[PDB]
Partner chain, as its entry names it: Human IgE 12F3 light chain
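Single chain ahead, by itself, as structure tokens, in the form deposited without the partner chain.
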């Protein structure tokens, strides 16, 4: 669960850069949001982690599913960028199976974020 990862879907972002999980666990995405850039860097510490976040394996080759409470959403991380309909279908069930049913948004993959006119 280390290295380049791709946040593929989620139950706001207009595009998203790759994810970098360093091992407490430490993630860095940068997120394109209405012509801005949100550079995130969230340490996850082991208590299910900490917001509160449960990482769980996906049933599918090369994918993981995140549940986090703190509003509650769900995310589908992948190890290679391409769309996996069968990874989605499972992320949907999981998402309804945990109380979340507000549009599986499948994310746009940019290699950089440049702010509007910045």
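Positions refer to the first chain, counted from 1.
FYI, the form solved in complex with the partner chain isn't displayed, but the following is about it.
Not displayed here, the partner chain is approached by residue 58 to within 4.5 Å at the level of heavy atoms in the deposited bound form. Residue contact with the partner chain in the deposited bound form: residue 79 places a heavy atom within 4.5 Å of it. The closest non-hydrogen atom of residue 62 lies within 4.5 Å of the partner chain in the deposited bound form.
Looking at 1-27, the residues that come within 4.5 Å of the partner chain in the deposited bound form, counting any heavy atom, are 1, 2.
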